[PDB]
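In: following this: a sequence and the matching experimental structure.
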Amino acid sequence: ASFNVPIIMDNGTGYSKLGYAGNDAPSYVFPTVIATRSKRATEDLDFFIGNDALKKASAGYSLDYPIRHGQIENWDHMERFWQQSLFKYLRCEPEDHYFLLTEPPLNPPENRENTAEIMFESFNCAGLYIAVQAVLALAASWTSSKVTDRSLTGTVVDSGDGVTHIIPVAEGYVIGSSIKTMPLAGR
Amino acid sequence: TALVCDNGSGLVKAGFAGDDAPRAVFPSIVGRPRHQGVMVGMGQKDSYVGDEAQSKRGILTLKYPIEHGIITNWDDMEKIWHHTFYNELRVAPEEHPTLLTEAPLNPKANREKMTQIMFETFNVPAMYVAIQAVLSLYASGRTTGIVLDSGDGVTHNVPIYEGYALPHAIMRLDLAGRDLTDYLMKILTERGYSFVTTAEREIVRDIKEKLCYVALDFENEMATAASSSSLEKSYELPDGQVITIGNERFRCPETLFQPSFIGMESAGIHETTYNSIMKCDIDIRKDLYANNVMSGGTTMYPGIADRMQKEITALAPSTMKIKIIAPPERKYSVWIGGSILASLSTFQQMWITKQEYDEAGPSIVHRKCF
Amino acid sequence: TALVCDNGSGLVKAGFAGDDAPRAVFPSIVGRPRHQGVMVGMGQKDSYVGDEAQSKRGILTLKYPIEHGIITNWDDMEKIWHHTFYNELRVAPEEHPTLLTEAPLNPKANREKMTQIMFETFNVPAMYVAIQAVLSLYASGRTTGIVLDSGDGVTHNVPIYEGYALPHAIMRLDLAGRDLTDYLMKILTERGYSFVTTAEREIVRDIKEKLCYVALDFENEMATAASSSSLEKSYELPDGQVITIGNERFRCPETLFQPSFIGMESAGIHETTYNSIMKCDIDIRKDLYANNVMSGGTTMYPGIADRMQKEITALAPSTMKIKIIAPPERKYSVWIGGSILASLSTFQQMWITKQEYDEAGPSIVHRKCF
Amino acid sequence: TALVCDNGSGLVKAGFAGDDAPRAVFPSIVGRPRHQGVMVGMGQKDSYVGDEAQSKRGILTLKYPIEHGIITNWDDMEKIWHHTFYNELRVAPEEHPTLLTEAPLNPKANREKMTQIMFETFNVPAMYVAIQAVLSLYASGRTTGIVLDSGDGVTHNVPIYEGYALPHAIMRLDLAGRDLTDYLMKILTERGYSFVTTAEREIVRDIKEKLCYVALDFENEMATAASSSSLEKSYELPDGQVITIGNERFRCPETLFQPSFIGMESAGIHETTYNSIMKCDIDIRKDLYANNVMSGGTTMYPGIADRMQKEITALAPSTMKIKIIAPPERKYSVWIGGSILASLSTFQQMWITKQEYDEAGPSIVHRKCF
Amino acid sequence: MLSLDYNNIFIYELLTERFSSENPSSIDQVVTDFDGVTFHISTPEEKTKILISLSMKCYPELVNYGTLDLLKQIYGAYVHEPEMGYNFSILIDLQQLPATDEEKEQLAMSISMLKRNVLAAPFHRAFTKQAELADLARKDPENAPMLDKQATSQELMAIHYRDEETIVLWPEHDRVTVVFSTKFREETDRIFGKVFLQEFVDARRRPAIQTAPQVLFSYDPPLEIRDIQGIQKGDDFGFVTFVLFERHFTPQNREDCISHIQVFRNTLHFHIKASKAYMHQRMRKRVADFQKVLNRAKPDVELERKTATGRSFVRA
Ligand SMILES: Nc1ncnc2c1ncn2[C@@H]1O[C@H](COP(=O)(O)OP(=O)(O)O)[C@@H](O)[C@H]1O
Ligand SMILES: Nc1ncnc2c1ncn2[C@@H]1O[C@H](COP(=O)(O)OP(=O)(O)O)[C@@H](O)[C@H]1O
Ligand SMILES: Nc1ncnc2c1ncn2[C@@H]1O[C@H](COP(=O)(O)OP(=O)(O)O)[C@@H](O)[C@H]1O
Ligand SMILES: Nc1ncnc2c1ncn2[C@@H]1O[C@H](COP(=O)(O)OP(=O)(O)O)[C@@H](O)[C@H]1O
Ligand code: BEF
Ligand code: BEF
Ligand code: BEF
Ligand code: BEF
Ligand SMILES: [Mg+2]
Ligand SMILES: [Mg+2]
Ligand SMILES: [Mg+2]
Ligand SMILES: [Mg+2]
């Protein structure tokens, strides 16, 4: 295993939050948007993402949002959004770092398979964890990381820009038979 | 299914994609009453639309909300779209994508307000705005040709080769069946008969639609009508009285081949077609010359395909064959072609979608529909 | 004193050799009236020429007898020369020798008819037909340079070194201020204004002089125009209607750098200039890059010298300085150069004398003029 | 069976060793659509190559990837090899060892990169890169002779005696059938026919093939055609327009004998052949004049054998035979000669094999090939 | 993007915020970078004071090649005691900050530019020594070959700047040569890396780009680096050599050239990843045309007319 700070990416329907484990805020919080065109072929190099891709609607690019209802649903756009996140903004080397990715509880297996083959074959990252996003959000509640400040039982209501879901977790275990999900939120 | 709504400047032509021919064809008119509304109750309405206006016209100021293919009056154009969807097709528009159309070289704002009203008033789930002379080429069973579309308000040429349009060679002319109607009033005035009002303009349109024809050789037809009874015939008005006409029957259509009659400086439709072919790259010109496609209701005059082939064969080099393609259903070919297009499986990827409009704003049509 | 007469595709510039500006500058136009002449007398003429036809343009079908520097209508062209000598300069040409001009790569028949008309109808005692982009270099006072000329009808490069032209490196491009005017009519149709009569095409030609400019970085100026109010300017039509215009101000002249806007395959004027320097023999290139003399009215747009200098600096090798030489009078410099050349005591042996035309016929011109 | 390709600078000739003529002959062209596709359902394709690009050319901008016998756009050359293998010959490149062909005095980088692509992109089992003129002696059945090869991109002499080439006496000249098309496009303008585009270039290439010839004495043929219509011909463009062609019918091929027409400073093909023979050792000259072999499509002009024999007889000493062997198959004689070489029992040891390449890298090619 | 930024974007954006801010908040931020480098940005004593610090495994070599004099020249008053666990550290005070918005912009740029300012020291040592040898060679052109021969072995820099690389460079009177002993360890990047490195050498041999440095390549080392530590010929390394002539580092160009040559291997590493994103969009295009070859096996039947949401419909 490598020792380097795992890279953390919460790709929301509204905002991607990017950073490195153990920092006190995300390195970036910007919209999950990609600006694309609508004798060598380069229309897959000319794109932009995040706050730098809102500036591009007037320059004749088409903005599209590759995550809808909490799920990735354009895989061409999401692969280009990740390469640009890793190599422009996070400026990291994937072969050195473990990655934490996030998805909603009721995502299809096909989206975890596509996420895994993009991470391991396109970027070649050292290793990957695809966390169910509201299971993590309980751990933001603690007053500190230390074992006496933890409270490992609580319902967690998550509501972003694209999905709301309620996850019960008790004694550190996710009660998966009881998850509720509703694709109605901030958007 | 998806609606195809060819809101032309003289007739709305509407129906469902993959249906054989348009099922809602009616005047692109809104009528408003002009008289003392004396009898209380009586089922009176503040305005009437389409065939409901055309049948009441003796008490209405009829006005088309659309002129030269440009919407001039949106408060009445919404009234025509509302009549189309809820009264004539009897659908809910929030359930079906609409393929709309417009003529080339229109204002940008026409195309914007026409997408905005479809998404914000008619709440439509997805929509698209095809160029009318591209649609007319699907309806011909072709992927190369030069469509001459001519309607009530606009005449235009769009040359296409192997499915590529040559947009530098597009010709628009703001002359079509309404100018021929206004000219028929100006020449009927010379025989004895005065037509003046917006309702009387429909009586002379109903003359133009069945008495007029295109002369194959105008200057010899003119001498023949000036020396024989055979070219004259008569039409019976709503007031039962008879109108007899002669050289007016072919002087009216001739305005298309000689726009100098209505004071325009321009080429006629024959020389406008040749000026579009001669703007194209030299290797495609043979396959345009063998595939001129007539479309729209102004191309329905008896003998116009024979005349058009004569005048283009005189302009073109004599070395090569000219064909004018003029089906009997060319009356509706822009709708027919939209009904092909809106049913092609790749087309379902090309719609502006509701969600995409909400996020992008009304300028999305400029970076998706051409 | 010899006459000097630049037979331009858009303006005839004419005057006397040794004067420091043209004496006559007027539209290269003939106009015939297109309406019912109801009133007897009233000063009416069967045809109007130059500034008469420009003043009366609302009643005339204007046409240019020049297309792309080639005389396409000789009967209209004799009227322009007759008007130039007898009405505009007011001198009998039978007494005064004349320096005419034309672009390179013209048909030889153009030059033969032009010299025949000048001897055989105007009885000019001696005449000459200079290449326009050689005259421009006399006006700048140089022996070495690459002359970019762009007018109303043509654009061309001739590289010249120590007084020798490299005729294999001449590049000509039939894109100029007429094609930019027809393109400005096209893109004004998207803002909502329709200009179509040949009299209205002159209003679009006037908007082009007073509002258009060259965007130093086109895609940055598009993004700025689409996100600002401050790009826009407004123009009073002859009617007193006010139009307003925006990103259409620089998209028009940018056609010179992107001829694909008007459907042409050609490289833009920056690349057809660089492709002329890179067609020269190697040792002269360093002196051509430092002497890019611009000329002709289409080089008057604000910012064209800076965009041209920025673009050639991006093509050329970086260790050497580019200089686009844009005189303040460059508009007339082909005529200013003719006013020098016709005056030079060393040149006055090079005329075609009418005695030579009398023994050799119009084919004299090819063996006496470049 | 081995493959053999002459990757010509204007036609690809490709086939299998032991056939009498090329299996596939097609333009060495790649074309991309210049316009916008408006039709859906059409098989829109991002590039066309060979005969499909030549057939669709009215909507394409056409590029040749080989310039003066040097490959200059590798991506569009890899497309052409993929077209030769998978579409034209329709055999997988891994199955057959393959003879490629190259002009003398090329860049070393051209033959290395053409080796690296064939072993590492097309994975071929073995290959060899013969000099185009050395194959013309195999086709002509000789072992002593001076070749005069002339294609689309290049013209060269390789003098050979008893199979020993004299590489110090090779003369190579970047003037051949492309520069004759470029010059014919230029001089066609002097009669008024403007050809400008990369597709109109292919009409002017066809005019050059159908009508041109080499006149046995140019000043005499000029004085002939200046008096008379008898030397003129007419060609119908794909537009049905007829052009008619005068002394530019033979002033075009004279560029081979007078390169100063296209501004370049070099000996014409007559003096460059005589200079190649005069560089050779004095005992062999007496046989090089007797076995002078022509090849390549630019040697196909009517009368070029008689012009070349007349000029060499004026240069060379009168006491001995000048005998020029321009055979009737000479259009393909490089390929035909390659199909003999690759078929020899004694050549099968001379291939660069894959196992022998990857122990040495592409720099193996300069130590097995000429 | 077609080519990498030279600076760390995060430190540029972050300092562009705090230099504009009316009311700074506290931060504690480790921030990774290429070549195994790592920054730490934090506000340890006050929200008012930002400490930026850098960690880089080869910094002990870079101190031998004169780094501290270059960093003291650039950062001046802002230089601070190295933070424990970091090689170098700078303390910028938001109340003592420069006056103008263009001073703030160029200071936020300069501090984000730290990786290429610390890794620039051996390049400035080579450029400034080539300027001495260029004068000595201009004093005696027959002595000049021997000055080049001794500087080729005595003035050579080597930096083991990451464990699968070495940059080796030396001055001679008309050039600085720099060699990247470059390796891709990830096997799918090694397979594409052969194509990307080969086509890079073959690109320099074309008329369009002759103005560029003379690049050369091999896989054994250039004769003048064959005995440097960590250079080994057999271990499937490739040895990309750039020869920078006096025209590639003239005074207007030096800073862009240093910035642009350091990022070399990182553009190939980025473009190998960004070529998988290309091949995928080109593969799913051919899949979408094989769909048509199967679609001709479905028999023709009209699927019934439906509303946009797929619910059934009753007209036509
Ligand atoms: N103060 C607020 N009140 C309400 N909504 C807010 C507020 N601040 C942000 N939002 C909304 O939060 C959503 C983004 O939340 P986020 O957790 O980032 O969602 P996601 O992960 O799905 O992208 C957006 O809808 C945004 O407008
Ligand atoms: N038989 C006909 N003869 C002549 N004109 C006709 C005929 N049929 C229709 N028209 C004219 O065609 C015009 C309507 O054609 P249409 O293509 O529907 O125009 P638009 O699309 O602009 O609404 C009207 O001017 C109408 O009078
Ligand atoms: N100030 C200007 N700004 C832009 N274009 C101009 C300007 N003045 C003239 N032009 C254009 O230049 C052309 C006339 O240039 P000119 O050199 O006289 O051409 P020509 O010699 O062929 O007649 C016209 O198209 C005109 O509109
Ligand atoms: N019959 C012909 N008459 C004159 N020119 C010809 C003839 N046939 C071909 N050419 C010209 O010869 C060239 C093609 O010859 P080729 O030997 O195939 O050249 P390459 O090998 O370099 O591609 C083209 O320029 C073509 O126009
Ligand atoms: F996609 Be967000 F989490 F709703
Ligand atoms: F509006 Be119709 F097509 F003239
Ligand atoms: F005829 Be102008 F010089 F274009
Ligand atoms: F190959 Be061609 F002969 F240049
Ligand atoms: Mg979320
Ligand atoms: Mg219509
Ligand atoms: Mg001019
Ligand atoms: Mg050849």
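Out: That came through, no problem. Numbering: from 1, shown residues only, chains lettered A, B, ... in the order given. Ligands and ions are numbered 1, 2, ... in the order given.

In: does stretch B:286-294 come close to ligand 6?
Out: No. Between stretch B:286-294 and ligand 6, judged by Cβ under 6 Å from any ligand atom, nothing touches; the nearest distance is 13.3 Å. (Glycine included, C-beta is placed from N, CA and C.)

In: could I have the CA atoms of that stretch written out in CSV?
Out: Backbone C-alpha positions of stretch B:286-294 (Å, rounded to 0.1, in the frame of the first residue of the first chain) are rendered in CSV as follows:
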residue,chain,number,x,y,z
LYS,B,286,-25.2,18.6,-62.6
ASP,B,287,-26.9,16.8,-59.7
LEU,B,288,-28.7,20.0,-58.6
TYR,B,289,-29.9,20.7,-62.2
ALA,B,290,-31.4,17.1,-62.4
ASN,B,291,-33.1,17.5,-59.0
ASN,B,292,-34.9,20.9,-58.7
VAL,B,293,-37.8,20.2,-56.2
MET,B,294,-40.9,22.4,-56.2
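
In: quick one: residues contacting residue 4.
Out: All of this is about chain A. When contacts are counted by Cβ atoms under 8 Å, 6 or more residues apart in numbering or on different chains, residue A:4 touches A:96, A:97, A:98, E:32.

In: chain E was what I was after
Out: Applying Cβ under 8 Å, 6+ apart, the residues contacting residue E:4 are A:87, E:263, E:266, E:267, E:270.

In: again, but for residue B:135
Out: Contacts of residue B:135 (Cβ under 8 Å, 6+ apart): B:6, B:101, B:333, B:334, B:335, B:337, B:338, B:341.

In: who is the first one paired with across the strands?
Out: According to DSSP bridges, the residues that bridge with residue B:6 are residue B:13.

In: wait, it sits on residue B:333?
Out: No. When contacts are counted by Cβ atoms under 8 Å, residue B:6 is not listed as touching residue B:333 (9.9 Å).

In: returning to what we had before: which of the contacts of residue A:4 has the largest number of neighbours?
Out: residue E:32 (22 neighbours; other Cβ atoms under 10 Å in any protein chain shown).

In: buried stuff in stretch A:145-158?
Out: Residues of stretch A:145-158 classed as buried: A:156, A:158 (neighbour count, 16 or more other Cβ atoms under 10 Å in any protein chain shown).

In: quote the end-to-end distance of that stretch.
Out: 21 Å (Cα to Cα, to the nearest Å).

In: how far is it from where the chain is centred?
Out: The chain centroid and the centroid of stretch A:145-158 are separated by 22 Å under Cα atoms, centre = their mean, to the nearest Å.

In: do the same with stretch B:189-196
Out: Distance, centroid of stretch B:189-196 to centroid of chain: 26 Å (Cα atoms, centre = their mean).

In: in it, what counts as buried?
Out: B:193, B:195.

In: can you show me the CA trace of it as PDB?
Out: Extracted as PDB, the C-alpha positions of stretch B:189-196 are listed here (Å, rounded to 0.1, in the frame of the first residue of the first chain):
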ATOM      1  CA  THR B 189     -59.600  46.600 -60.100                       C
ATOM      2  CA  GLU B 190     -58.900  47.300 -63.800                       C
ATOM      3  CA  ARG B 191     -61.700  45.100 -65.200                       C
ATOM      4  CA  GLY B 192     -64.600  46.500 -63.100                       C
ATOM      5  CA  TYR B 193     -64.400  44.700 -59.700                       C
ATOM      6  CA  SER B 194     -63.300  46.300 -56.400                       C
ATOM      7  CA  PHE B 195     -62.000  44.100 -53.500                       C
ATOM      8  CA  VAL B 196     -60.700  46.100 -50.500                       C
END
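
In: picking up where we left off before, return the closest of the contacts of residue E:4 with respect to ligand 7.
Out: Distances from ligand 7 to the contacts of residue E:4, taken as Cβ to the nearest ligand atom, are shortest for residue E:267 (47.2 Å).

In: for the residue of chain B found nearest chain C, which non-adjacent residue is closest in space?
Out: Proximity of chain B to chain C (Cβ to the nearest Cβ) peaks at residue B:168, 2.9 Å away. Nearest-residue entry for residue B:168: residue C:263, 2.9 Å, with adjacent residues in sequence omitted and distances by Cβ to Cβ, 6 or more residues apart in numbering or on different chains.

In: now check stretch B:354-366, is it near chain A?
Out: Yes. Interface with chain A: stretch B:354-366 contributes B:359, B:360 (Cβ under 8 Å from any Cβ of the partner chain).

In: and that stretch with chain C, contact?
Out: No. For stretch B:354-366, no contact with chain C is found by Cβ under 8 Å from any Cβ; the gap never falls below 9.0 Å.

In: chain center to that stretch: distance?
Out: Distance of stretch B:354-366 from the chain centroid (Cα atoms, centre = their mean) equals 28 Å.

In: circling back to that earlier point, ok, of the contacts of residue B:135, which one's closest to ligand 12?
Out: Set against ligand 12, the nearest of those by Cβ to the ion is residue B:341 (47.7 Å).

In: so how far is residue E:55 from residue B:128?
Out: The gap separating residue B:128 from residue E:55 is 56 Å, by Cβ to Cβ, to the nearest Å.

In: same check on residue B:240?
Out: Distance of residue B:240 to residue E:55, computed by Cβ to Cβ: 102 Å.

In: these two: which has the busier surroundings?
Out: residue E:55 (19 against 6).

In: which residues touch the more buried one?
Out: Contacts of residue E:55 (Cβ under 8 Å, 6+ apart): E:37, E:38, E:39, E:40, E:85, E:86, E:87.

In: confirm that the fourth one sits in a strand.
Out: Same thing as residue E:40. Yes. According to DSSP: H, G, I helix; E, B strand; the rest coil, the state of residue E:40 is that of a strand.

In: nearest residue to it in space, please, no chain neighbours.
Out: residue E:53 (4.6 Å).

In: same deal with the last one?
Out: In space, not counting the residues next to it along the chain, residue E:87 is nearest to residue E:59; the distance is 3.9 Å by Cβ to Cβ, 6+ apart.

In: tell me, how many residues neighbour the one you found?
Out: Neighbour tally, residue E:59, other Cβ under 10 Å: 19.

In: same question, residue A:43
Out: Other residues close to residue A:43 by other Cβ under 10 Å number 11.

In: where do the strands sit along the stretch 201-350 of chain B?
Out: Assigned by DSSP state E, counting those that start in this stretch, the strands in the stretch 201-350 of chain B fall at B:233-236, B:242-245, B:292-295, B:324-325.

In: deepest of those strands, which one?
Out: Across these, averaging neighbours per residue (mean count of other Cβ atoms under 10 Å in any protein chain shown) puts strand B:292-295 on top, at a mean of 26.

In: how far off centre is it?
Out: Taking mean C-alpha positions (Cα atoms, centre = their mean), strand B:292-295 and its chain are 13 Å apart.

In: strand partners (parallel or antiparallel) of that strand?
Out: strand B:145-150 (parallel), strand B:324-325 (parallel).

In: looking at these, which is closest to residue C:144?
Out: strand B:145-150 (50.1 Å; Cβ to Cβ).

In: which other residues reach the closest one?
Out: With contacts defined as Cβ under 8 Å, 6+ apart, strand B:145-150 is touched by B:103, B:132-134, B:136-137, B:140, B:155-160, B:176-177, B:256, B:269, B:273, B:276-277, B:287-288, B:291-299, B:308, B:325, B:334.
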